[PDB]
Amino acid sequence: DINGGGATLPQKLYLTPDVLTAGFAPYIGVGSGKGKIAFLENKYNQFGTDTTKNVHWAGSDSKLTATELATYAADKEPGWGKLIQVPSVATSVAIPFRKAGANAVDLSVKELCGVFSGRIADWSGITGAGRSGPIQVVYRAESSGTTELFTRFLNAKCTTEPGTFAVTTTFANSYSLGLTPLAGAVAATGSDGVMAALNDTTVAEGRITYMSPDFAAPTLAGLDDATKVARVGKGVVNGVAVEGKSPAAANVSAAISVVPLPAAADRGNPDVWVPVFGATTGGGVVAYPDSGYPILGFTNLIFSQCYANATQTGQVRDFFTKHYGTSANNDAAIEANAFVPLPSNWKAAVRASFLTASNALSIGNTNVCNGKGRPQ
C-alpha cells in the first residue's frame, strides 16, 4: 500500500471513500509538521508505530522551507528523485466560537486582530455582536498548516496592534509580545482537539479559534450560522457600511480563480507551486482579496516524482489523473467537505508537469526515474 498522512485540515476529505484511489492506505491525520517530517525523512513513526512501513506522500498546509527543500535535494533526490509539492484544494480559514446570542457575530479585520493579539479581551468589544464577557482563545499546540495559513493573514493585515504577528506553524510563537497578553489561552492538538476544546460544555462560554472549514461546523449550512461561526470583513467601503462574509467556500472561490499560475520557467522548483497570500500583489505573492471572505489559502500534496515500485507509480499517476482531471475528478467531494476546487488552468498546469509522460517532471518518467525512486 501507498502510505500518506499529515495535515488535519483536509483529513476528512482524504478519508472520504474514493477520493484517494486504488492502492492508497487510509490517510493518517497528524498535523502538517509531522507530515513534512514523515515524507522528507521517510519516518513513518510520525504516523504510527509500524515503522517497517515507508512513507509515500504527505498532506501539508505548511509550505516546504528552504532548508527542507535543500536537505531533500542533497540527501534524498539522487536516489529517490525530485519531490513534488502541489496545491490540492483551496480553503478558507473559519472562526468558530462558543458564545450565545441572537445577533450575528461579524468581525472587522481590526477586531479579529485584537481578539488574537489579546487587545480585545471581552466580547463587548465586538461591535454589533450583542455579547459580553471574557473571550478565551484556543489555538493549535503543535506545528500546524492551519496556523501557517492563519498567521500569514495576521502578518499581512494586523498592522496596528502593539506587536506584530510572524508567519509560523506554531501559534504560540507568532505574536511578537508572546501569548502573555492573552488570559488563559488554551492549546490543543489537531483540528479535532481544538474543536473538542471549543465545544467543551464543562467550561464557561467564550471560546474562539481559527479552523478548517470542514471542522468548523457539523455541516456546510452551519458555516453560515453567524451565532456560531463568525463572519469576517465588517467595515466601511466607499462611505457605506458593509457586512463581512461567512467562510463558506462560495465566498473565497472568486479570489482563488484568479491566482496566477506558477512561473513556467521555474516549475522545476517546488516552492513556486504553492501560492501564498500577502498584503500586496508582487514578486509571486498574491494580495489577500478585498472582496468576499478575506482569510484563505491552499492546502497541498507532497509526492515523489519516482517510486521504486512500478505498480505504486501507476497508482500515484491514477490518483493525479483523478484529483487534477478535467472530468471524473474529486471536485464534488472537495465541495462537499467545505473546500474550493482548483481552477481549471491550475489542474491543467499540474497535469502538464507531473502527468504528461514527455515532461521531464512527470511522475514515473522512464528517463528520469531509471533506476531510482522511493522505497515501496
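Note that residue numbering follows the sequence shown and begins at 1.
Averaged over Cα atoms, the B-factor as recorded in the entry is higher for 247-255 than for the other of 247-255 and 134-142. Stretch comparison (180-188 versus 158-166) by mean CA B-factor in the PDB entry places 180-188 on top. Set against one another, the Cα B-factors of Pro262, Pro87, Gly118, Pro213 in the record reach their highest point at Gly118. Among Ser174, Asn199, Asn300, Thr209, the highest C-alpha B-factor in the deposited entry belongs to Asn199. The PDB entry assigns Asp50 a C-alpha temperature factor belonging to the highest third of its chain's modelled residues. The deposited CA B-factor of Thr71 belongs to the highest third of values across its chain. Remark: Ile363 belongs to the lowest third of its chain, ranked by C-alpha B-factor as recorded. Ranked by C-alpha B-factor against the other modelled residues of its chain, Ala352 falls in the lowest third. Ranked within its chain, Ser92 lands in the middle third, by CA B factor from the PDB record.
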